[PDB]
Each structure stands twice: as structure tokens, then as C-alpha cells.
Amino acid sequence: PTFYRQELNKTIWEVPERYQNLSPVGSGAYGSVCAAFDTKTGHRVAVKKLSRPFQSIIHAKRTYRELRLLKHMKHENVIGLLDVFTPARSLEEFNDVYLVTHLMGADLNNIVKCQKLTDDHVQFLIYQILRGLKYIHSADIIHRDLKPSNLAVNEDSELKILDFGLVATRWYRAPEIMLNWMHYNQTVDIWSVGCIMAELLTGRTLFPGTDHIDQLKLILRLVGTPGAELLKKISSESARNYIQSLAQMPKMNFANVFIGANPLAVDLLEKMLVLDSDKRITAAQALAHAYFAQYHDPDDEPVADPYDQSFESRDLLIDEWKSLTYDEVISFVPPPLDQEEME
Ligand SMILES: Nc1nccc(-c2c(-c3ccc(F)cc3)ncn2C2CCNCC2)n1
Ligand SMILES: NS(=O)(=O)c1ccc(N2C(=O)CCC2=O)nc1
Ligand SMILES: NS(=O)(=O)c1ccc(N2C(=O)CCC2=O)nc1
Ligand SMILES: N[C@]1(CO)[C@H]2C[C@@H]3C[C@@H](C[C@H]1C3)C2
Ligand SMILES: [Ca+2]
Ligand SMILES: [Ca+2]
Ligand SMILES: [Ca+2]
Ligand SMILES: [Ca+2]
Ligand SMILES: [Cl-]
């Protein structure tokens, strides 16, 4: 393919003539993103150019990690790869990596910002998040920083999770992540979903804390003071002593917090916004909840193929990560344009 150069976001992009009319649509993880027109299929796409992907072993391994993760994802509610390219003609010149996926116009903040959402619409949005989470969790991939800005949404409210498995808002983070509690499982992401759903229903951030301590206080005012058993998970004595020292707070009745909401929404929120992660509902259990009855379809809530993450434990030299990444670029096989059939 012939490549052309264009200055975008103050740097030179080098892309195949296949992709035209590039225009910037914001930063992404470790890179910046352009919308483009794919002349081969007539589809709109988003192209992410990774920023200095082989600067250090940290950049090199995260480049490999992101390419491995995105090549594995084949789910309608999870960002996956349509293409990956480099202008390099050999490993010796290999220095830039571009990732291509379907174009999604907005993030979830652009859906809820200037719109009073209906309950049926909130159901659809949360249903999609949970469907994608069931899929990535089934491959032992956790998001760990799920938030509205990491939920890509198109013009028809179709949603995909992005930047999974990889100063930022902490308002949606699971408390065990934000506070570095010694144990955490895949339901960290379910706390985030609760936080997002609450905001879709009320138009207000649920836990808008100014710092870690302030946010924990807002959290404990909703869910109540924890039992001694959850202190088991907290390494620092100073943090444990602090929590133990706060005046006892009862759990609030969520029906008095989400006034006038679908009682089924309140019930689901009660199951998700639980301080102890071992008591939280899973994404797969949440999909069977009556709140989603009009959308739930067991035949269309698939799990993932096994995902080999053994590379995560390994320290390799920068040129080995670079070569492994080049291998994954060269071996990529684009999906068919149409991968779905009528039910
Ligand atoms: N507009 C749009 N459409 C799809 C994805 C993205 C995208 C990607 C991304 C990831 C992988 C890839 F291969 C290509 C692009 N990373 C961050 N974003 C965000 C850019 C602005 N915030 C919302 C989405 N942006
Ligand atoms: N925090 S609040 O008192 O501003 C508030 C705002 C909105 C709401 N709400 C509705 O109106 C419909 C569903 C829902 O949850 N509840 C509380
Ligand atoms: N997901 S759940 O519905 O099983 C569940 C489990 C436990 C709890 N909970 C606690 O842990 C302390 C207070 C409280 O209400 N809430 C919901
Ligand atoms: N955001 C709210 C009410 O505005 C604050 C007060 C109380 C506990 C948390 C969650 C709700 C209810 C913080
Ligand atoms: Ca899960
Ligand atoms: Ca269906
Ligand atoms: Ca089809
Ligand atoms: Ca069917
Ligand atoms: Cl694999």
C-alpha cells in the first residue's frame, strides 16, 4: 500500500491511502485518535497512533499488551480491531503502531449530559456495559478503571468498553482499587457500573469526593460502616484505625436516595454498590436481573475464547517486546465485514 503523511495533533501520521479524511477526536490510552473514512468498505473508523511505543520497556510491553488484548476481543460491546498497520517495511525500521476500530462518535458523558434519559434507555446502556464485562471477565481480563469516559457510544446509543486490562477521575473507582486494599476480584468493575448507573438515573455524580478520604466518607454514608471482616483487606494500620474511628453510619435505604426510580433499578443498585467485593453481584448474574428483562437474551451473551496472558509475568528486553509486537502486527487477520446473523 502507498502511505501518505499528514500532520495531526502536532505530529506526523503516516497512514495507508486506504484511510482518508483524518480528523482528531481526542487522546486515548498511550496515544491519540483520529476519525477516518475507510475507502475499502465505506465504513467510518477510528485510528489510534501510539505515542513513542518503544521508548522504554514500559512503553514496549504496554504496546504489546494492548495489541494482544485488542486482537483477542470479538464482542459487540468491546472495542476490537479492524486493522493494525505500521509504515515500517521491516523490523529494523519498526517504530510506529496504528490501531483501527469502528468509529464511535461520543463517550457516555455526551449521552447523559444534556439529556434526561428514560428508564428504558438507561436499561439498554447498562445492559451493554454488563454484556461486555461478562465477556472480558470470562477471559480473566478486568477493566479496573471503568468510567463514562472509557465507554464509547455511537449515534444510536450502541456502546463499547475500551481501555480495559491496561490526573484521572476517581469517582467511579472501586474502593478496594482507589485505596489499594490487599484483595480484589473481577467485581471491582461492578462497583463502577453502580456508580455510572446511579448518575444516569439522578443526573448527579454519586460520590464526588475531593480526595480519597472525602470520597470514602461519601461512600460510607451511602452503604454504611463496614464490619471488622472487611478490615482484613486493608494493609495500612493508619487507614484501618481511621476507618474504625469514624462514627457508625447505617446503610441508607436506596429507595430514599434514588427517588422515583424503577424499583428494579434500585434493587440492582443495592446488589452492585456493596463495599465488600466478595458480596457484590457479578456481571453475568446482573444480566439475569429483572431490570434487563426486555433486553436479556442468553443466546446473545457470549463468553471469550481462552486468553494466554503468560507474557504478563515475564520481563523481556525492549527489542524482544518490539519483535513480538511486530510479529503480532504482521500476523493480524482482519475480521469479515459482516460477522453477525439474524437470530
Ligand atoms: N471515536 C472513537 N471511536 C472508537 C474508538 C475511539 C478511541 C480509542 C481507540 C482504541 C483502539 C483503537 F484501535 C482505535 C481507537 N481510544 C480512545 N478512544 C476515545 C477517543 C475520545 N474519547 C472516546 C473514545 N474513539
Ligand atoms: N440526588 S437528587 O435528590 O438530586 C435526585 C435527582 C433525581 C432523582 N431521580 C429522578 O428524578 C428519577 C430517578 C432518580 O433517581 N433522584 C434523586
Ligand atoms: N450483592 S448482594 O445483594 O448479595 C449484597 C450483599 C451484602 C450487602 N451488604 C453488606 O455487605 C453490608 C450491608 C449490606 O447490605 N449488600 C448487598
Ligand atoms: N450523593 C449523595 C446525595 O447527593 C451524597 C449523600 C448521600 C451519601 C452519598 C450518596 C448520596 C446520598 C453522597
Ligand atoms: Ca465478572
Ligand atoms: Ca436478541
Ligand atoms: Ca449479517
Ligand atoms: Ca435465540
Ligand atoms: Cl490467545
# chains A, B, ... in the order shown; residues from 1 in each chain; ligands from 1

$ residues_near_ligand --ligand "ligand 1" --cutoff "10 Å" --atoms "only C-alpha atoms and all ligand atoms" --output "ChimeraX atom specification"
/A:24-36,44-50,66-67,70-71,79-84,98-110,148-154,160-163

$ write_last_selection --atoms "C-alpha atoms" --output "PDB file, in the first residue's frame"
ATOM      1  CA  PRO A  24      -8.607  14.374  15.501  1.00  0.00           C
ATOM      2  CA  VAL A  25     -11.163  13.130  18.026  1.00  0.00           C
ATOM      3  CA  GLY A  26      -9.095  13.136  21.203  1.00  0.00           C
ATOM      4  CA  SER A  27      -6.478  11.282  23.166  1.00  0.00           C
ATOM      5  CA  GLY A  28      -6.657   7.606  24.013  1.00  0.00           C
ATOM      6  CA  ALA A  29      -4.608   5.273  26.196  1.00  0.00           C
ATOM      7  CA  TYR A  30      -0.949   5.807  25.296  1.00  0.00           C
ATOM      8  CA  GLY A  31      -1.891   7.500  22.025  1.00  0.00           C
ATOM      9  CA  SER A  32      -4.119   9.916  20.175  1.00  0.00           C
ATOM     10  CA  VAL A  33      -7.090   9.120  17.947  1.00  0.00           C
ATOM     11  CA  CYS A  34      -8.360  10.261  14.529  1.00  0.00           C
ATOM     12  CA  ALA A  35     -11.654   9.544  12.836  1.00  0.00           C
ATOM     13  CA  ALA A  36     -11.227   8.423   9.230  1.00  0.00           C
ATOM     14  CA  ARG A  44     -16.058   5.149   9.312  1.00  0.00           C
ATOM     15  CA  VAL A  45     -13.183   4.121  11.568  1.00  0.00           C
ATOM     16  CA  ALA A  46     -11.112   5.403  14.448  1.00  0.00           C
ATOM     17  CA  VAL A  47      -7.323   5.186  14.145  1.00  0.00           C
ATOM     18  CA  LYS A  48      -5.127   5.401  17.237  1.00  0.00           C
ATOM     19  CA  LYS A  49      -1.461   6.244  16.793  1.00  0.00           C
ATOM     20  CA  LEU A  50       0.513   5.014  19.779  1.00  0.00           C
ATOM     21  CA  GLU A  66      -2.668  -3.566  24.118  1.00  0.00           C
ATOM     22  CA  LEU A  67      -2.188  -5.241  20.729  1.00  0.00           C
ATOM     23  CA  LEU A  70      -7.353  -5.965  21.159  1.00  0.00           C
ATOM     24  CA  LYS A  71      -6.582  -8.835  18.755  1.00  0.00           C
ATOM     25  CA  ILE A  79     -13.574  -2.410  21.339  1.00  0.00           C
ATOM     26  CA  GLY A  80     -11.816  -4.756  18.917  1.00  0.00           C
ATOM     27  CA  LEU A  81      -9.503  -4.410  15.920  1.00  0.00           C
ATOM     28  CA  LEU A  82     -10.458  -3.933  12.300  1.00  0.00           C
ATOM     29  CA  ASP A  83      -6.850  -3.338  11.270  1.00  0.00           C
ATOM     30  CA  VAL A  84      -3.357  -2.665  12.580  1.00  0.00           C
ATOM     31  CA  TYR A  98      -1.539   2.309  14.477  1.00  0.00           C
ATOM     32  CA  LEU A  99      -4.711   0.527  15.666  1.00  0.00           C
ATOM     33  CA  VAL A 100      -8.019   0.709  13.783  1.00  0.00           C
ATOM     34  CA  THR A 101     -11.550   0.056  15.115  1.00  0.00           C
ATOM     35  CA  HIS A 102     -15.110   1.069  14.195  1.00  0.00           C
ATOM     36  CA  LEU A 103     -15.810   4.769  14.728  1.00  0.00           C
ATOM     37  CA  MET A 104     -17.828   5.619  17.860  1.00  0.00           C
ATOM     38  CA  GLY A 105     -18.829   9.266  17.971  1.00  0.00           C
ATOM     39  CA  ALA A 106     -19.016  10.012  21.687  1.00  0.00           C
ATOM     40  CA  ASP A 107     -18.489   8.798  25.228  1.00  0.00           C
ATOM     41  CA  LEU A 108     -21.129   8.203  27.857  1.00  0.00           C
ATOM     42  CA  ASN A 109     -20.784  11.744  29.209  1.00  0.00           C
ATOM     43  CA  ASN A 110     -22.157  13.001  25.901  1.00  0.00           C
ATOM     44  CA  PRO A 148     -18.010   7.147  31.483  1.00  0.00           C
ATOM     45  CA  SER A 149     -15.013   8.477  29.576  1.00  0.00           C
ATOM     46  CA  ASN A 150     -13.995   4.837  28.894  1.00  0.00           C
ATOM     47  CA  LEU A 151     -17.385   3.941  27.386  1.00  0.00           C
ATOM     48  CA  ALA A 152     -17.568   4.713  23.661  1.00  0.00           C
ATOM     49  CA  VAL A 153     -21.081   5.353  22.355  1.00  0.00           C
ATOM     50  CA  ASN A 154     -22.335   5.918  18.829  1.00  0.00           C
ATOM     51  CA  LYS A 160     -18.358  -0.447  23.667  1.00  0.00           C
ATOM     52  CA  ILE A 161     -15.986  -0.727  26.606  1.00  0.00           C
ATOM     53  CA  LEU A 162     -12.480   0.489  25.953  1.00  0.00           C
ATOM     54  CA  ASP A 163      -9.120   0.761  27.694  1.00  0.00           C
TER      55      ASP A 163
END

$ residues_near_ligand --ligand "ligand 3" --cutoff "9 Å" --atoms "only C-alpha atoms and all ligand atoms" --output "CSV table (one decimal) with C-alpha atoms, in the first residue's frame"
chain,number,residue,atom,x,y,z
A,223,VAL,CA,-23.5,1.9,52.2
A,224,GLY,CA,-22.9,2.2,55.9
A,225,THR,CA,-19.9,1.5,58.2
A,226,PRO,CA,-18.1,-1.8,57.3
A,227,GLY,CA,-17.7,-4.7,59.6
A,250,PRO,CA,-26.2,2.9,58.9
A,251,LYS,CA,-26.7,1.8,55.4
A,267,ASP,CA,-32.8,-3.3,43.7
A,268,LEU,CA,-29.9,-3.8,41.1
A,269,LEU,CA,-28.0,-0.8,42.6
A,270,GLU,CA,-28.3,-2.4,46.1
A,271,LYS,CA,-26.7,-5.5,44.7
A,272,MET,CA,-23.9,-3.7,43.0
A,273,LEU,CA,-22.9,-0.9,45.5
A,274,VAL,CA,-21.6,-3.2,48.2
A,275,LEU,CA,-18.3,-2.3,49.9
A,276,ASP,CA,-17.0,-5.9,50.1
A,277,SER,CA,-16.2,-7.2,46.6
A,278,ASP,CA,-16.9,-10.8,47.6
A,279,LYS,CA,-20.6,-9.9,48.2
A,280,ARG,CA,-21.1,-7.9,45.0
A,281,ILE,CA,-23.2,-9.4,42.2
A,282,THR,CA,-21.2,-10.4,39.1

$ select_by_dssp --residues "range 120-273 of chain A" --states "helix (DSSP H, G or I)" --output "PyMOL selection string"
chain A and resi 120-138+148-150+175-178+188-202+212-223+228-231+237-245+254-256+263-272

$ residues_around --residues "residue 134 in chain A" --least-positions-apart "5" --cutoff "12 Å" --atoms "only C-alpha atoms" --output "short mmCIF file (atom, residue, chain, number, x, y, z; two decimals) with C-alpha atoms, in the first residue's frame"
data_model
loop_
_atom_site.label_atom_id
_atom_site.label_comp_id
_atom_site.auth_asym_id
_atom_site.auth_seq_id
_atom_site.Cartn_x
_atom_site.Cartn_y
_atom_site.Cartn_z
CA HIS A 75 -17.64 -8.86 21.06
CA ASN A 77 -19.82 -4.32 23.28
CA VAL A 78 -16.00 -4.40 23.48
CA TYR A 127 -27.13 -3.87 29.84
CA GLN A 128 -24.48 -3.29 27.18
CA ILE A 129 -21.79 -2.48 29.75
CA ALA A 139 -11.05 -14.25 29.69
CA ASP A 140 -9.67 -13.17 33.11
CA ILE A 141 -9.39 -9.57 31.91
CA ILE A 142 -10.53 -6.90 34.40
CA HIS A 143 -11.01 -3.24 33.49
CA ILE A 161 -15.99 -0.73 26.61
CA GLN A 186 -13.41 -9.06 38.96
CA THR A 187 -16.34 -7.35 40.70
CA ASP A 189 -15.84 -3.30 37.70
CA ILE A 190 -19.36 -3.84 39.10
CA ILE A 281 -23.17 -9.37 42.16
CA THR A 282 -21.18 -10.44 39.07
CA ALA A 283 -21.81 -9.06 35.59
CA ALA A 284 -23.19 -12.45 34.49
CA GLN A 285 -25.61 -12.56 37.43
CA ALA A 286 -26.62 -8.94 36.79
CA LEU A 287 -27.60 -9.73 33.19
CA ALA A 288 -30.29 -12.12 34.51
CA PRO A 298 -28.87 -15.82 26.89
CA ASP A 300 -26.51 -13.42 22.71
CA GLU A 301 -24.38 -13.00 25.87
CA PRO A 302 -21.27 -14.96 24.91
CA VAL A 303 -18.02 -15.64 26.74
CA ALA A 304 -14.50 -15.31 25.32
#

$ residues_near_ligand --ligand "ligand 4" --cutoff "9 Å" --atoms "only C-alpha atoms and all ligand atoms" --output "PyMOL selection string"
chain A and resi 204-209+215+217-223+252+254+256-258

$ residues_near_ligand --ligand "ligand 6" --cutoff "8 Å" --atoms "only C-alpha atoms and all ligand atoms" --output "list in words"
residues 295, 296, 297, 299, 300 and 343 of chain A

$ closest_residue --among "A:68, A:233, A:43, A:61" --to "ligand 9" --atoms "only C-alpha atoms and all ligand atoms"
A:68

$ decode --residues "range 265-334 of chain A" --atoms "C-alpha atoms" --output "PDB file, in the first residue's frame"
ATOM      1  CA  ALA A 265     -33.172  -0.245  39.214  1.00  0.00           C
ATOM      2  CA  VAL A 266     -32.913   0.474  42.937  1.00  0.00           C
ATOM      3  CA  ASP A 267     -32.754  -3.278  43.659  1.00  0.00           C
ATOM      4  CA  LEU A 268     -29.949  -3.792  41.140  1.00  0.00           C
ATOM      5  CA  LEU A 269     -28.047  -0.815  42.596  1.00  0.00           C
ATOM      6  CA  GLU A 270     -28.340  -2.364  46.065  1.00  0.00           C
ATOM      7  CA  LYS A 271     -26.731  -5.539  44.690  1.00  0.00           C
ATOM      8  CA  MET A 272     -23.857  -3.686  42.978  1.00  0.00           C
ATOM      9  CA  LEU A 273     -22.906  -0.913  45.453  1.00  0.00           C
ATOM     10  CA  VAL A 274     -21.575  -3.229  48.154  1.00  0.00           C
ATOM     11  CA  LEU A 275     -18.315  -2.311  49.888  1.00  0.00           C
ATOM     12  CA  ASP A 276     -17.017  -5.894  50.127  1.00  0.00           C
ATOM     13  CA  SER A 277     -16.231  -7.206  46.635  1.00  0.00           C
ATOM     14  CA  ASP A 278     -16.909 -10.839  47.593  1.00  0.00           C
ATOM     15  CA  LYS A 279     -20.576  -9.909  48.243  1.00  0.00           C
ATOM     16  CA  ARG A 280     -21.081  -7.936  45.010  1.00  0.00           C
ATOM     17  CA  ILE A 281     -23.168  -9.374  42.156  1.00  0.00           C
ATOM     18  CA  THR A 282     -21.183 -10.436  39.070  1.00  0.00           C
ATOM     19  CA  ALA A 283     -21.807  -9.064  35.590  1.00  0.00           C
ATOM     20  CA  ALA A 284     -23.186 -12.446  34.489  1.00  0.00           C
ATOM     21  CA  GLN A 285     -25.607 -12.564  37.426  1.00  0.00           C
ATOM     22  CA  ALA A 286     -26.619  -8.938  36.793  1.00  0.00           C
ATOM     23  CA  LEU A 287     -27.599  -9.731  33.188  1.00  0.00           C
ATOM     24  CA  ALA A 288     -30.288 -12.119  34.505  1.00  0.00           C
ATOM     25  CA  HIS A 289     -31.721  -9.423  36.805  1.00  0.00           C
ATOM     26  CA  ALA A 290     -35.329  -8.491  36.031  1.00  0.00           C
ATOM     27  CA  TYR A 291     -34.278  -4.872  35.374  1.00  0.00           C
ATOM     28  CA  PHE A 292     -32.969  -6.059  31.975  1.00  0.00           C
ATOM     29  CA  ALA A 293     -35.841  -8.426  31.153  1.00  0.00           C
ATOM     30  CA  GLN A 294     -36.704  -6.728  27.869  1.00  0.00           C
ATOM     31  CA  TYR A 295     -33.082  -6.963  26.634  1.00  0.00           C
ATOM     32  CA  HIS A 296     -31.773 -10.181  28.175  1.00  0.00           C
ATOM     33  CA  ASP A 297     -31.034 -12.923  25.647  1.00  0.00           C
ATOM     34  CA  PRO A 298     -28.868 -15.821  26.890  1.00  0.00           C
ATOM     35  CA  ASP A 299     -28.040 -16.848  23.310  1.00  0.00           C
ATOM     36  CA  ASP A 300     -26.507 -13.416  22.708  1.00  0.00           C
ATOM     37  CA  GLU A 301     -24.381 -13.000  25.865  1.00  0.00           C
ATOM     38  CA  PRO A 302     -21.270 -14.963  24.909  1.00  0.00           C
ATOM     39  CA  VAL A 303     -18.022 -15.637  26.735  1.00  0.00           C
ATOM     40  CA  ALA A 304     -14.498 -15.312  25.322  1.00  0.00           C
ATOM     41  CA  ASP A 305     -12.044 -17.790  23.912  1.00  0.00           C
ATOM     42  CA  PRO A 306      -9.213 -18.614  26.354  1.00  0.00           C
ATOM     43  CA  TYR A 307      -6.670 -15.804  26.560  1.00  0.00           C
ATOM     44  CA  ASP A 308      -2.969 -16.633  27.097  1.00  0.00           C
ATOM     45  CA  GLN A 309      -1.628 -13.963  29.473  1.00  0.00           C
ATOM     46  CA  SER A 310       1.589 -15.761  30.402  1.00  0.00           C
ATOM     47  CA  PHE A 311       3.601 -12.849  28.930  1.00  0.00           C
ATOM     48  CA  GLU A 312       2.390 -10.597  31.773  1.00  0.00           C
ATOM     49  CA  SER A 313       4.708 -12.255  34.287  1.00  0.00           C
ATOM     50  CA  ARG A 314       7.808 -12.001  32.081  1.00  0.00           C
ATOM     51  CA  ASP A 315      10.491  -9.312  31.915  1.00  0.00           C
ATOM     52  CA  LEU A 316      11.966  -9.092  28.405  1.00  0.00           C
ATOM     53  CA  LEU A 317      14.375  -6.688  26.782  1.00  0.00           C
ATOM     54  CA  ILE A 318      12.919  -3.815  24.782  1.00  0.00           C
ATOM     55  CA  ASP A 319      13.921  -5.325  21.433  1.00  0.00           C
ATOM     56  CA  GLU A 320      12.156  -8.590  22.294  1.00  0.00           C
ATOM     57  CA  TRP A 321       8.909  -6.757  23.084  1.00  0.00           C
ATOM     58  CA  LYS A 322       9.396  -4.815  19.859  1.00  0.00           C
ATOM     59  CA  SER A 323       9.911  -8.013  17.847  1.00  0.00           C
ATOM     60  CA  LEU A 324       6.949  -9.743  19.489  1.00  0.00           C
ATOM     61  CA  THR A 325       4.809  -6.707  18.690  1.00  0.00           C
ATOM     62  CA  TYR A 326       5.963  -6.676  15.070  1.00  0.00           C
ATOM     63  CA  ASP A 327       5.065 -10.390  14.914  1.00  0.00           C
ATOM     64  CA  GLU A 328       1.542  -9.570  16.130  1.00  0.00           C
ATOM     65  CA  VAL A 329       1.203  -6.740  13.579  1.00  0.00           C
ATOM     66  CA  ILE A 330       2.293  -8.957  10.681  1.00  0.00           C
ATOM     67  CA  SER A 331       0.108 -11.908  11.760  1.00  0.00           C
ATOM     68  CA  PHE A 332      -3.105  -9.890  12.157  1.00  0.00           C
ATOM     69  CA  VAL A 333      -6.016 -11.203  10.091  1.00  0.00           C
ATOM     70  CA  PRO A 334      -8.844  -8.665   9.570  1.00  0.00           C
TER      71      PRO A 334
END
